[PDB]
Ligand SMILES: Nc1ncnc2c1ncn2[C@@H]1O[C@H](COP(=O)(O)OP(=O)(O)OP(=O)(O)O)[C@@H](O)[C@H]1O
Ligand SMILES: Nc1ncnc2c1ncn2[C@@H]1O[C@H](COP(=O)(O)OP(=O)(O)O)[C@@H](O)[C@H]1O
Ligand SMILES: [Mg+2]
Ligand SMILES: [Mg+2]
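Following this line, the structure appears as structure tokens:
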């Protein structure tokens, strides 16, 4: 039993690190998507 | 005059033309110097045209005239085993083609009253596609995947394995550099599969209009046999290149953009092309030929191709194509790199037509492998942890591994109905439970080779008839038992 | 009096008329010398109107003449359009002769007012057990079918219209546009196969046709359903009319395809400015009036496989029931395979359906969800756990899953035209008995391919 | 015949003309006032031509005058250019006197016909472990290197030049487009000291020039190689040719820079509407027809370090062999940074290379894919949980990833270690032994920057 506690606590810490990295990637992708949509809308509205 | 016009603007293959009052839509126009142009926009005071050719020798003030005849291509049975440009001009230099029928390129599909269901198969020579995702005559099936994942190899194998079937094949190449077209044509010639086929080529150096119009001309050439009671099969190397060419030729025409800069009429572009693949009824055949042909039905199957960017199947174009086609075959990079070739994803690939298309023995035998593969998809996550499970899951995982390892086959080696039948029967009846996970391919090859050599009279009966009966079951069992011993792999 | 085309781009055509005579919005014009009809979409001043083409473009050139009918596109309706196939404008395409009727109705009408709504929510009885238990249908509701991964949509609709054909007086309409053509052929031949092709009307729209034809199609199906509902017997009870629409996604896509060229800016992820309005104009006419009731069944495809896209976002705000079926369990052998847990309704309220029905449906849903979370693969040890605590849950889940199976008349294989429209009570009482546990002795395989709780009792007692 | 400048914006100048003498497309014009050569890119009616200026645009006003040469940009060809340095227009820039030849060829011509293509089958061996093992090359083909800034593309191009051109009998053409100048001078002097200058022609257009000069500088090297291919010895056989393009990405980036000023609508991520056609009209002329064989090597730049960008996505299908450079492996200190996955060649099949070669390559790729897939559970959970076979796969993948590293001849300065060369059979033997399992006990720290299986044994003993 004494091993399982440290095993799961290390697993939780690693999960925290991974979620932080994924959050960074998510923010970058979201900003890129918003920029692309706005650019497309403005370009289309210029055409009409 | 009402038929003579001048050129006002020339830019990047698009010509803005004055005059030409009685100019119809899509009607060929004749530039000086033997150049043919289309008409795609008719504004209040100027006409937009695209020049199919080399526009580099057109200037301002060069005259043009209206012909009054829509795009037409030469059709006939002379085009078999030949390589032509989008408009039907031979380019292999083997002499002129004299087919004696000219046909329009833009026509409508048959009505709903004239169509019929799909009851006959179309073999591809691949165990996975032939047992899991069957294709029948008249069906439209889409191959979708990522760069360098075996997408064309499958289509070329499909063309190669219709040697005895008696169905014509048509191949359309869009955007490919001419070296690959030459290589493909040479490979078709080597195996004797070129006698029944025609090739339409619009390479990367060719204008955007050629790559825009190639698939329609291919379909018009393929309809000739369907409307007369013989079958046909058309393959488009990559409608993605065609969509991009349409985007270029439209954006140059000042048409409003949209999602990903693709203008409107993008869904129409692929729908009106993929709707023409259907099976007609014998009454339609009889009426078209005025009684020359009786008691026969025509067909035209399609297998178009579309590529994805790192698995983004949710882009603008793949979703449209996925919504139109009956079935979808997915090729995965993480499967191709793992050695599983052809890399077919079983859990995302479906076919709507289903068992009706397959023969009796195939329809009877595919079920066991289907259910085994389906179950093996579920226990996948618990694969790094074999020790923590009951024996039932162990046996299921083993069987799933064996089945997924039998579905691996080499290129340019089509199997015959009897080969698939024997292999599937050997798998289902638990005759490969004693062999390790490796050497499965060797066992398959050795069994197939032995069965062709010693039980050839049966093999012929299975090939010609495709029936299932107790005698056939007994003979297959006896042969497999004989080979299981007294032989090496 | 007469006008002349001045600009042709795609299917969008600008025509110009004298200063006084300008056709109103949605009026239909005839182009002499061709089969083309023009529908007005916008006015642009100086006597110029944008129009879409009803028919196909047979080489129209600048300067062609056009006269005005001064009335919207009116479809001929009546009792003489029963068992025929007609195009968007009402011409037959089955080569069985012209339609001999005189009653014509415009396809552009306003929705029923506030004071004309029904004064109750009765539920339409159906022979399908699952749709009648865990997702009750509404006699005026507009249900939608998002079930994918299966061609059974046509087969399911065939069973439904056929049981309805017996259950409902008749006069049903099928407005299929932008559909799989061989599926439409299978529809037509199936209806002729069961000798029920009479009393039904069909309107088909081909994908190759210009957006003008691929549009204003459901409108025609809607107009035909209405002439029937308002019909009244000497008694005066109108008819419960049904309507089918194979694809609405194609309707929205045609709108999107023509919007840009009509002078309208892009919005959202690229859709047209007027999405909610264009869908509401259709969805607000499918209502249960005081006299008569129209119900609708529409197959809706979700692009990109998400429920966030604007088109399904505007679609989900109009429905009353959502039915999703998947091959994952259809593979087991249950022919009427519809995902029980996924299905949802705005009529499963305790008061409208009865307290007993509400509680029994909730209990069944809870049992199914419990079995789903406690899979025998979710628990690697498999069986031998929670004896009668979760084991009995597993057995009951198996029994209910098999009892979902229902033999049908259309499937002539292994079945002598059963056509079982099981009484709603019988299903409720059988499920009550199963929940109470009085069937724990019945063999599980006896519960498959069962017509009714009595039927299953006989099947168990024989062996 | 004399025109007046009308508008100057950036590098784009639009110029009027008389009505009957407008110059055609791609012709060249000369400004009388200063040294400038303009190239026609499009016609705009009313006898107005849009043009791109080749050179500086400072000091050019409106109302300047221009004459027309009525012929495209012609460059001198022949053997006179051997061992000389030339501008984009052919002017020498080595301060070694004029070039003595009247043979001029235009730089705008059509691509070879389909009928005269040729099949390339003879193999070519570089000496680099990973290229000669997983992505094999063949004489007369096409090769490409894809990477992002700072990963190793040039140091590999120069190494290939060292291992191939120096030891090959035949001419060579080197064109530099959109790259650093210091590298150009270093290359010129390095070739001079080795007394192999007289076999190489050179063209240089670098990042310091207006986009007009950076846009049409690859075509000049192309024309020179084209003449060197079709030329035949009198009563004698022809010779091989080689072509090196330093960066072809700048060729498209120049068009992207000047696209909007030409009046074209934007598309995708700010790219010009006509991209692939623009890439093809150049990438098709690099061909080995029935007359001669051209072996070209190009380096392709990956913007923002993603391969999904349209520019490196369109170009993937124009090459026979593709080698993809990875920044993660570079940051790991592994050199050269070539990704074993995502690197393919059209000459890896059992017939062309044999059986053992194919089996070795396939097993290597399989092992590396297995490890890459396994990485995630290691990331979350740890190492002890995996099966022992998976631990063995992990160790083998690490050793394989290291063994692909190799010191270079032109990279002694960076690291202070001498260059190395490995025969192909030694690569095959080493990888077969590694996958066999006989080198498991050898520490994985001995597989770094050493060439050949034996040197590894010696290094392992040295530790
Ligand atoms: N069944 C197979 N077994 C082994 N190798 C295969 C198999 N199928 C294809 N390959 C290999 O994969 C490559 C084929 O790639 P493919 O033809 O799909 O290229 P692509 O770029 O995706 O297609 P396109 O023709 O549209 O440009 C070749 O290297 C071929 O040897
Ligand atoms: N094989 C190698 N060994 C050691 N260093 C290298 C190697 N390849 C590249 N480098 C280093 O990486 C840096 C970037 O590589 P280089 O090719 O010069 O630029 P880029 O990657 O932008 O083309 C250089 O400064 C060089 O010293
Ligand atoms: Mg291909
Ligand atoms: Mg760099």
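Residue numbers (the entry's author numbering), protein chains in the order written: chain g, 242 to 289; chain C, 26 to 514; chain E, 2 to 464; chain D, 2 to 464. Cβ coordinates follow ideal geometry from the N, Cα and C atoms, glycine included.
Output yes or no for whether 8 Å exceeds the beta carbon distance between residue 304(C) and residue 140(C). yes
Tell me which residue opens and which closes the beta strand (DSSP E) that residue 53(D) is part of. Segment 49-55, the beta strand (DSSP E) holding residue 53(D).
Could you give the first and the last residue of the continuous alpha helix (DSSP H) run that contains residue 281(E)? Run containing residue 281(E): 277-284, per the alpha helix (DSSP H) assignment.
Residue 127(D) versus residue 320(D) - alpha carbon distance: 18 Å
What are the residues that DSSP puts in a beta bridge with residue 129(C)? 97(C)
Do you know offhand how far residue 156(E)'s Cα is from residue 195(E)'s? 13 Å
Boundaries of the alpha helix (DSSP H) in which residue 434(C) is found, first to last residue: For residue 434(C), no alpha helix (DSSP H) encloses it, and the DSSP letter there is neither H nor E.
Assess contact between the stretch 492-500 of chain C and the stretch 34-48 of chain C, defined as three or more Cβ pairs (one per stretch) separated by less than 8 Å. Is contact present? no
Which residues does DSSP list as the beta-bridge partners of residue 205(D)? 177(D)
Check the Cβ of residue 380(D) against every Cβ in chain g and list those closer than 8 Å, keeping chain order. 255 and 259
What number of angstroms, rounded off, separates the C-alpha of residue 261(E) from the C-alpha of residue 50(E)? 16 Å
As a quick exercise: from 134(C), 394(C), 152(C) and 124(C), pick the residue whose alpha carbon is nearest that of residue 309(C). Closest option to residue 309(C), Cα to Cα, is 134(C).
Can you tell me where the beta strand (DSSP E) holding residue 40(D) begins and where it ends? Looking at the DSSP string, the run of the beta strand (DSSP E) that includes residue 40(D) is 38-44.
Residue-chain proximity (residue 285(g), chain D), Cβ-Cβ < 8 Å: no
DSSP beta-bridge partners of residue 110(C): 226(C)
Excluding the 5 residues flanking residue 228(E) on each side, which residues of the same chain have their C-beta closer than 8 Å to its C-beta? Excluding sequence neighbours, residue 228(E) sits near 78, 79, 104 and 106.
Residues of chain D with CB under 8 Å from residue 79(C), in chain order? 111
I'd like to know if residue 343(C) contacts chain g, where contact means its C-beta is closer than 8 Å to some C-beta of that chain. no
Beta carbon of residue 30(E) nearer than 8 Å to that of residue 69(E): yes
Which of helix, strand or coil does DSSP assign to residue 147(D)? strand
Under 8 Å, Cβ to Cβ, is there at least one residue of chain D near residue 252(g)? yes
Under the criterion of a Cβ to heavy atom distance below 7 Å, does residue 147(E) qualify as lining ligand 2? no
Of all the options 261(C), 393(C), 68(C) and 275(C), which has the alpha carbon lying nearest to the alpha carbon of residue 194(C)? 261(C)
Residue range of the unbroken beta strand (DSSP E) whose run includes residue 17(D): Secondary structure note for residue 17(D): its beta strand (DSSP E) is the uninterrupted segment 13-17.
Return yes when the Cβ of residue 256(C) is within less than 8 Å of the Cβ of residue 352(C), no when it is not. no
Quick test of your reading: residue 39(E) and residue 13(E), contact by CB under 8 Å. State the CB separation rounded to the nearest angstrom. Under the criterion of beta carbons closer than 8 Å, residue 39(E) and residue 13(E) do not qualify as touching, at roughly 11 Å.
Which bits of chain C does residue 28(E) rub up against, with CB to CB less than 8 Å? Those within 8 Å of residue 28(E) in chain C number zero; the least Cβ separation is about 23 Å.
Give the secondary structure of residue 308(C) by DSSP, where H, G and I count as helix, E and B as strand, and everything else as coil. helix
Look at the Cβ atom of residue 124(C), then the Cβ atom of residue 101(C), and state whether they are nearer than 8 Å. yes
Residue 283(C) versus chain g: which residues are under 8 Å apart at the beta carbon? 281 and 285
Report the CB separation of residue 54(C) from residue 277(C) in whole angstroms; it is logged as a contact under 8 Å. Contact doesn't hold; Cβ gap of about 17 Å is too wide.
Per-residue DSSP class, three states only, for residue 154(C): helix
Would you please state the rounded distance, in angstroms, between the beta carbons of residue 72(E) and residue 28(E)? I believe it to be under 8 Å. 7 Å
For residue 468(C), which three-state DSSP category applies? Per DSSP, reduced to three states, the secondary structure at residue 468(C) is helical.
Relative to the C-alpha of residue 37(C), which candidate in 92(C), 274(C), 52(C) and 344(C) has its C-alpha closest? 274(C)
For residue 241(E), the residue or residues it bridges with in DSSP: 294(E)
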